[PDB]
Amino acid sequence: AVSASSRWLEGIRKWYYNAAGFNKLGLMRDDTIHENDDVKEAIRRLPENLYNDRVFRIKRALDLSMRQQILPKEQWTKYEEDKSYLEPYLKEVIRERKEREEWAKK
Amino acid sequence: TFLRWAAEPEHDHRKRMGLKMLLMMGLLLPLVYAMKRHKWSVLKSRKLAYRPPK
Amino acid sequence: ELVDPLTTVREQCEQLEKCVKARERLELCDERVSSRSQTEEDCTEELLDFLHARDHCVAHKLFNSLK
Amino acid sequence: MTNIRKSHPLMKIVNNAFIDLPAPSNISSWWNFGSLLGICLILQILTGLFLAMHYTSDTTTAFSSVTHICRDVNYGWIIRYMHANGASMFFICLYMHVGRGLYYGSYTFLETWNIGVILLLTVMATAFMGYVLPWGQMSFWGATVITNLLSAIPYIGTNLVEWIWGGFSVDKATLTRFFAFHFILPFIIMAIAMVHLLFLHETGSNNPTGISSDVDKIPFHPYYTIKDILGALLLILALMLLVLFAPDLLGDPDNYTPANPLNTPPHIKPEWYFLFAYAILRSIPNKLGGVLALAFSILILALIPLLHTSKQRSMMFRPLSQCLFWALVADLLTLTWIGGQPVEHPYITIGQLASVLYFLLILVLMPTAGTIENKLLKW
Amino acid sequence: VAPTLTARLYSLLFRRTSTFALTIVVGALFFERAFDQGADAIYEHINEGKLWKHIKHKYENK
Amino acid sequence: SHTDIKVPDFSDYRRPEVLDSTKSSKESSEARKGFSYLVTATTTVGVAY
Amino acid sequence: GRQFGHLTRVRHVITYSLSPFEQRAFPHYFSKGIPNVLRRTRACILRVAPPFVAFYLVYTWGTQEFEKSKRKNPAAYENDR
Ligand code: HEM
Ligand code: HEM
Ligand code: FES
């Protein structure tokens, strides 16, 4: 039951999404996920072009922590910028146990 | 002053170590502080290059 | 004789404002106490306060002034 | 491993659980603590040991011996305080080790936690008995209290009192029983220590960022060893600094008063670090209520891993909960000063206030928060 | 141009492990003997007439 | 390809003695080392006390 | 297996580093680092300090609140009756 306030919501998102350094620190929403055993199977299905480019950031990322030096603020990741690339493949495996579990009930 | 002395006869003597340790102390920490960094000098000096065949 | 520095320094401090100030309250208490001392009333509370700031003055002084 | 001095005795092969232990890159000083902890434990072991030599527990005599200790024994005074003055430091070394735990929420490691749990619970109980040794009044009544606190169990409570007592009083058995325990005990802790480490070397270390760092690791022997070398000795300073200049500062417990069984001190509080736990005891008017309140109060730590709801680990990327995190911090620090005071009403209410405040902070708020962020963050 | 002590000393001591370690083992001896002595005054020079080292001169050897 | 790489410059961290590349690194090297070790030896000593 | 060998698979990363003797233990330590103080000291200070301030008030607040409650009996009832 929100339309104009819907527009009025996104700011805090865009704000809050800027309130967590990884947007400044070059991450995405995907790469910050807690570890899941499905993510394993998920990560399996990633092609390298996708897979690899995820990787090189982390290597670059952590390094600044040791020195606590945050990226030049322009080069910071942006709110409009997003990619959910991880989740869609994540989504499949989820259903899979569901189906199995569902069958597995009786 | 008398009872102030009583509970701690070593009082006068014991203070010696205080000055003893201090100048002893200011020695090593910057020294350590030097060494540590000397090692960490490499890590914080890293560079990374992503040059995919891609 | 020897007169001490101790009590000597007292009077210069109790000379100070808050001293006689509360010292009046001591009277103000005790005055009210005087006939009404039949009632529980007692001035010990106040005199503490008087003596409290009293010697803080005395602190800075007579220790340095003694032997 | 050709002619490597690691395998020549089979023993040193085990020693390769360290040299080549891989390690994370970005690491706060806040990861010094784990290694930092064991340090205190060692240095202690010697101190109370050589102290144990000249001291004796005999209910009549024992305390007297102590006087002899700091005075006529070679350097007897430096030593007593050492063993003591390590203790609180060690505890402050403790909570920090915990402290790192939640701030990075590393408790994801599951039974390892529970280990870290039990490991602690013993330790505090230890010095508790250790604190009896000086045989001060505050020791005596403090001892006298908590057992008298125990008895409230509805049916069986009674005997267990005089069973642990070994009588109707606080006398010899009560004491010299413990001089075994307060002594025998910590070793087993040390024995336990390694176990708590083992599990960690199942998975390797955790990071600041809640991000598996596996892309980069480091040989441990060169580096963190160094930062240890620094991080280790730093402790000693204040540890050695407090001890000499201002020995009795934290020596806030004042009683060298030979304990009078009849006489009672104007005030009884346990020593500094209990007090919040002790404070919470006061809160419940039900004496039994406070018990299940007090003891359970810490047991909550076991329950934390149940409440991790988020999709990312380390707090440092969830700003909101971080508030609660700090919000809880002072709340702990709060109960201290209230506990640091007698049982007059303005404090009482205030004390009565933060109690239920306390649980709400952990038990509800924390799990509540992350849910919305997922939704806020489109998860 | 002549080598500064380091260039010398390194070639002299730090290169050979023992030699390196040797003077290290040497230095402390005189050091503490010098160190223990020199510091005490700093303590003592401040602490004057309050200790029988100063005081007992009033009555010592009667 | 592989060819395009060239090492980036750290020199800020360096000290100028070797900042000249047309110096043979060997010349300062002589005195260069000990000062590093000098701390090493030096730092070690007081410990023994 | 052997801790480092079988860790993970990684492709086409490159690393660049020097001997420690090549550089100094204070590459503009003061100059470069002193600014960094703020970006971290400002970062959390938004999120952290204020709760304590509330405490500190309560510290004086209740104490003061305590103080009168006892300290002066001839207050609510003065020594008259
Ligand atoms: C004196 C008691 C303890 C000692 C000697 C000790 C020792 C260690 C050591 C050496 C480490 C590895 C370095 C580190 O991660 O800190 C460690 C890690 C850990 N300990 Fe213990 N620890 C102690 C108490 C505890 C307690 C009380 C808990 C939990 C209640 C605990 C849980 C953990 C956890 C979760 C880690 C890993 C933390 C991380 O990943 O950063 N430990 N401990
Ligand atoms: C973390 C390690 C330990 C702690 C926290 C601890 C706890 C205590 C406590 C609370 C006291 C009395 C405090 C005081 O006297 O001021 C104490 C003193 C003592 N502790 Fe422990 N203990 C520890 C390990 C040991 C060890 C390893 C020994 C013996 C080898 C030991 C035996 C003693 C003895 C004999 C005393 C008598 C010295 C005295 O009470 O003044 N404790 N220790
Ligand atoms: S138990 Fe004696 S007053 Fe609470």
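List of remarks:
- Here the Karplus curve 6.51 cos²θ - 1.76 cosθ + 1.60, taken at θ = phi - 60°, turns the phi angles of the range D:102-116 into couplings of 7, 3, 9, x, 5, 4, 2, 4, 8, 5, 2, 3, 3, 4, x Hz, with x standing for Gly and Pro.
- The G:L18 and D:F245 beta-carbon pair, evaluated with R₀ = 35 Å, returns a calculated FRET efficiency of approximately 0.20.
- Charge sum, other residues only, whose C-beta stays under 13 Å from D:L320's C-beta, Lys/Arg counted +1 and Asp/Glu -1: +2
- Under-5 Å amide H pairs with D:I218, H placed in peptide plane, nonlocal only: D:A23
- Local electrostatic count at B:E10 - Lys and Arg +1, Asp and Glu -1, tallied over other residues with Cβ under 12 Å: +2
- Annotation: the residues D:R80, E:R33, sorted from fewest to most other C-beta atoms within 10 Å of their own C-beta, follow the order E:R33, D:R80.
- Given C:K18/C:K67; A:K40/D:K311; B:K15/E:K53, the pairs whose alpha carbons are separated by over 19 Å: C:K18/C:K67
- Two-site FRET efficiency, G:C44 against D:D72, from Cβ-Cβ distance with R₀ of 60 Å, rounded to 0.05: 0.70
- Selection of GluC sites (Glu not before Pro), the range A:42-106, meeting DSSP coil and at most 14 other Cβ within 10 Å: A:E80, A:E81
- Dipole of the protein assembly as shown [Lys/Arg +1, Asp/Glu -1 at C-beta], most positive-end residue of D:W163, D:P270, D:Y75: D:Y75
- Among D:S28, D:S106, D:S205: highest mean-square fluctuation, GNM of chain D, C-alpha pairs under 10 Å: D:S28
- Where only DSSP H runs of four or more residues are counted, the protein assembly as shown gives -21000 deg cm²/dmol as its mean residue ellipticity at 222 nm, each run worth -39500 (n - 2.57).
- Classified by the C-alpha gyration tensor, the range C:1-66 has a prolate form. Its axis ratio a/c, with a ≥ b ≥ c, is 1.5 or above, and a/b is larger than b/c.
- Ranking of G:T8, D:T60, D:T2, D:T309 by neighbouring Cβ atoms within 10 Å, starting from the fewest: D:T2, D:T60, G:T8, D:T309.
- Between the residues F:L19, F:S29, F:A48, the greatest Cα displacement towards the positive end of the dipole of chain F, with unit charges on the Cβ of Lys, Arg, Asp and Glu, is found for F:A48.
- Order of D:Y104, D:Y155, A:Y85 under a 10 Å beta carbon neighbour criterion, fewest first: D:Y155, A:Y85, D:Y104
- Taking G:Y56, G:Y16, G:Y29 as the candidate residues, the one with maximal mean-square fluctuation in a Gaussian network model of chain G, Cα springs under 10 Å, is G:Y16.
- For the range A:3-52, the residue among A:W8, A:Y51, A:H34 whose Cα projects farthest onto the positive side of the dipole built from Cβ charges is A:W8.
- Note: the protein assembly as shown, Cα convex hull, 335 Å³ per residue.
- Note on F:13-21: average number of Cβ atoms from other chains within 10 Å of each residue's Cβ is 3.
- For the range D:78-221, the relative contact order comes to 28 percent (Cα pairs under 8 Å, sequence separation of at least 6).
- Label-point separation, A:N49 to E:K56 (7 Å along Cα→Cβ), nm: 9.3 nm
- In the range D:313-366, Cα pairs under 8 Å separated by at least six residues give a relative contact order of 43 percent.
- Here is the list for the range G:28-81: GluC sites (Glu not before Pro) lying in DSSP coil, each with at most 15 other C-beta atoms within 10 angstrom of its C-beta, are G:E78.
- Value of relative contact order over chain D, rounded to a whole percent, pairs C-alpha under 8 Å and six or more apart: 23 percent
- In a simple Cβ point-charge model (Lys, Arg +1; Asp, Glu -1; nothing else charged), chain C has a dipole of about 340 debye relative to its Cα centre.
- Here r is the Cβ-Cβ distance between B:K39 and D:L307 and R0 is 35 Å; the resulting FRET efficiency, rounded to 0.05, is 0.30.
- Within-9-Å neighbourhood charge of D:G339 [Cβ basis; K, R +1; D, E -1]: +2
- Applying both filters, DSSP loop and at most 12 other Cβ atoms within 10 Å, to the GluC sites (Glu not before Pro) of chain C gives C:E1, C:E40.
Rule-based calculations on the coordinates, nothing more; no lab input. Reconstructed Cβ throughout: ideal geometry from the backbone, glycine too, with neighbour counts over all protein chains shown.
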